[PDB]
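S.K.: Dropping the structure in here first, questions after.
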Amino acid sequence: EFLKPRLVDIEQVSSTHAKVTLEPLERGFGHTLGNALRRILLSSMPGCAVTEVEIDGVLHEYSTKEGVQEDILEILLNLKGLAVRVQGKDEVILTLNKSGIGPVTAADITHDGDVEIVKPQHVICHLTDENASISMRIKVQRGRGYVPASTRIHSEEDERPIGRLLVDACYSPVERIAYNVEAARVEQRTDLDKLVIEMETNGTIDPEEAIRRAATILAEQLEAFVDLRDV
Amino acid sequence: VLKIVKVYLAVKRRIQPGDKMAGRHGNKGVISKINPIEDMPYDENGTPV
Amino acid sequence: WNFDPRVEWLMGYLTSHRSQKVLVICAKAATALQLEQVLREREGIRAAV
């Protein structure tokens, strides 16, 4: 004779902003679950992000192209923010090719099946010359957490092509997490609480899958606890 | 001297524990620890410091 | 060395079999130098002539 919380309505206000509700929470477990989920979400949500980039006419991050106004380094900085959803493969090669005057946005990426470009309006560059043309190949991987270039440099593994441009990998889609435990008047009970998780992401991980995976991870660690050897 | 060859290296230094950071008012400090986002304090709205 | 499909096949096989030493024979030394240059500047493959 106990209760247990069931996942209820998940309102989506915007593509990035989401509210998830959990109705039948026992007194006291509101904050426990709120915080556990906040921690797991902020720390461990797997996402995909660009790991390295190859642009044609550029030797290193610090050089500059004709007919663009951003520096190449700023192009990498723009790519770091690219929110992308990869479904099947672990490493995909996206291709960006644009010519002529105009802003090179994220929408211009060559449309592949398995990859979803969440924010096509995201700017990359501005051309400023009729005959100026930019071509690049952006390599996107799946991962968890935060891995900088400089740590992976120990494991270079034939980084030999000087055209290669390494980018720091922020393998995490979630930007912000807040939760509120508030009185959940259930028709036959006095003091019950509902947990409301409000989350802001770059628009790659869907709310339901994020929450499910986080609960999965926490449940797995609890599983680790259930058995105790004492041997 | 016959000839000279100069080579410029460029290095991206990220902030790490032990570096010195300061404000404009004379407050100083050494960055002591990099905390995960979740550990950092956050206001009701959820924005972390 | 940019459109010849043999070069792409060579790179693909090498980059897919990085843990194998491969003996690659070509006709003339000039083509060998061009091959070293292209494997280096487009796949970073270490190759002695």
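S.K.: Where nothing but the Cβ of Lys and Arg (+1) and of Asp and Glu (-1) is charged, how large is the charge dipole of the protein assembly as shown around its Cα centre, in debye to the nearest 20?
M.R.: Its charge dipole is roughly 1340 debye.
S.K.: Out of the chymotrypsin sites (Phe, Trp or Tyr not before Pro) in segment A:1-87, which ones are loop residues according to DSSP with at most 10 other C-beta atoms within 10 Å?
M.R.: Passing both the DSSP loop test and the Cβ count: A:2.
S.K.: Going down the table (A:19/A:119; A:98/A:139; B:12/C:21; A:80/B:20; A:89/A:119; A:89/B:12), which pairs top 24 Å between alpha carbons?
M.R.: B:12/C:21; A:80/B:20; A:89/B:12, as the Cα separations exceed 24 Å there.
S.K.: Using label points projected 7 Å from each Cα along Cα→Cβ, tell me how many nm separate residue C:9 and residue A:122, to one decimal.
M.R.: Between residue C:9 and residue A:122, the label points sit 3.9 nm apart.
S.K.: Which one, C:29, A:83, A:186, projects farthest toward the positive side of the charge dipole computed for the protein assembly as shown from Cβ point charges (K/R +1, D/E -1)?
M.R.: C:29
S.K.: Next question, about the same structure. Rounded to the nearest 0.05, what FRET efficiency is calculated for residue B:33 and residue A:180 with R0 set to 41 Å and r the Cβ-Cβ distance?
M.R.: 0.90
S.K.: Nearest 0.05, what FRET efficiency do residue A:15 and residue B:22 give at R0 = 35 Å with Cβ-Cβ as r?
M.R.: For residue A:15 and residue B:22, the calculated efficiency is 0.30.
S.K.: From the square roots a ≥ b ≥ c of the eigenvalues of the alpha-carbon gyration tensor of segment A:1-136, which class results: rounded (a/c under 1.5), prolate (a/b over b/c), or oblate?
M.R.: It is prolate, given that a/c is not under 1.5 and a/b is the larger ratio.
S.K.: Could I ask something else about it? Label 7 Å along Cα→Cβ of residue A:159; segment B:1-28 residues with amide nitrogen under 12 Å?
M.R.: Of the residues in segment B:1-28, B:11-12 have backbone N under 12 Å from the label point off residue A:159.
S.K.: Calculate how large, on average over all directions, the projected area of the Cα convex hull of the protein assembly as shown is; give the answer in nm² to one decimal.
M.R.: Taking the Cα atoms of the protein assembly as shown, their convex hull projects to 30.3 nm² on average.
S.K.: If you keep only loop residues by DSSP, which trypsin sites (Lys or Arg not before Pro) in segment A:136-231 have at most 16 other Cβ atoms within 10 Å of their Cβ?
M.R.: Passing sites in segment A:136-231 are A:144, A:164, A:185, A:189, A:229.
S.K.: With a cap of 12 neighbouring Cβ atoms within 10 Å, and only residues DSSP puts in a loop, list the GluC sites (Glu not before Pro) found in segment A:1-89.
M.R.: Hits after loop and neighbour filter: A:1, A:66.
S.K.: Another question about this same structure. What does the extension gain come out to for residue C:16 and residue C:46, with contour length at 0.36 nm per residue minus their alpha carbon separation?
M.R.: 9.4 nm
S.K.: Taking 45 Å as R0, compute the FRET efficiency from the Cβ-Cβ separation of residue B:8 and residue C:27 and round it to 0.05.
M.R.: Between residue B:8 and residue C:27 the formula returns 0.65.
S.K.: Moving on to the next point. Find which of A:93, A:153, A:106 sits farthest along the positive direction of the dipole of segment A:1-153, computed with +1 on the beta-carbon of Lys and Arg, -1 on that of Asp and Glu, about the Cα centre.
M.R.: Positive-end residue among those listed: A:153.
Every read-out reported here was derived from the displayed coordinates using simple, explicitly stated rules and does not represent laboratory data. We place every Cβ from the backbone using ideal geometry, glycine too, and count neighbours over all the protein chains shown.
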